[PDB]
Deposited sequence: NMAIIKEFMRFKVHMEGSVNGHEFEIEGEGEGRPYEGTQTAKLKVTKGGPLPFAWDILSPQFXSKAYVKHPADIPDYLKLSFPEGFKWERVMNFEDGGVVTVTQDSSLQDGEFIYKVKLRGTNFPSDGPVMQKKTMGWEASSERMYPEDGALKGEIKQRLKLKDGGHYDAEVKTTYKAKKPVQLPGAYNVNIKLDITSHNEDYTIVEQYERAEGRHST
């Protein structure tokens, strides 16, 4: 609760990843306002840089403790701490690309620690991911609902393309507290993720994310 999740909180993130067999590691630190639903992340590619694919397929893997929730929606993921939560995500891209992500979130020495494993497969070589033709995510609405003692989220996520139009991903995430905590009912999280800066080859990236829970009913 509010004792251990403070109004300003830092995080450290490590990602081990493969996309179409290209292995990489990313280390990052972030900060934000967990009750205000805002955070920034500073990522560095530490291995396998420069990435031969669009940064944008990684950007949504770098923090669900920082969602602003109405007082009457139980904040399942904040309540999970200090033990924290795991999440497993599947992203089905419209051209057959697949991203599966597993993530451990915990709290150590007053900081969130994120460990991400990512596998991207079956991106066509002439597709917008491997040709780096993407231009950031549209604002998303994640449909949250409880199921089988976890919180599920579903998103129709849209990547803007440099030449116009959109590249669609269907996303399902299971978020599971490491201890039993109160699950909410159905509700929506409005998410906007921006790349605020990057160097020419995306080995250094800053992101900013606003996420706000809203009532469905």
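*Asks:* Write out the missing regions of the deposited sequence in sequence order, one range per stretch.
*Replies:* Unmodelled stretch: 63 only.
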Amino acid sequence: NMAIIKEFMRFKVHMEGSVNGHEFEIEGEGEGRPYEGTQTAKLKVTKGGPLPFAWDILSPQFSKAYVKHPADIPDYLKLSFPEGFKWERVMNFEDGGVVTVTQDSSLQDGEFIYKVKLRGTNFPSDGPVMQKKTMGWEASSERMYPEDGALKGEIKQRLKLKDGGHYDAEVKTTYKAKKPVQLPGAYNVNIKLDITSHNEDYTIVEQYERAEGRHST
From here on, numbers count along this sequence of modelled residues.
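*Asks:* For the stretches 197-205 and 9-17, which has the higher mean C-alpha B-factor as given in the deposited record?
*Replies:* Higher mean C-alpha B-factor: 197-205.
*Asks:* Mean C-alpha B factor from the entry: is it higher for 158-166 or for 50-58?
*Replies:* For C-alpha atoms only, the mean B-factor is higher in 158-166.
*Asks:* Which one of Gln131, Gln103, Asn92, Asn122 shows the biggest C-alpha B-factor in the PDB entry?
*Replies:* It is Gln131.
*Asks:* In terms of recorded Cα temperature factor, pick the maximum from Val98, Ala71, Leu118, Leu77.
*Replies:* That would be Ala71, according to the entry.
*Asks:* Check where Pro146 lands among this chain's C-alpha B-factors and tell me if it's the lowest, middle or highest third.
*Replies:* It belongs to the middle third of the chain when residues are ordered by C-alpha B-factor.
*Asks:* Thinking about Cα B factors across the chain, which third does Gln182 belong to?
*Replies:* Answer is highest: the recorded C-alpha B-factor places it there.
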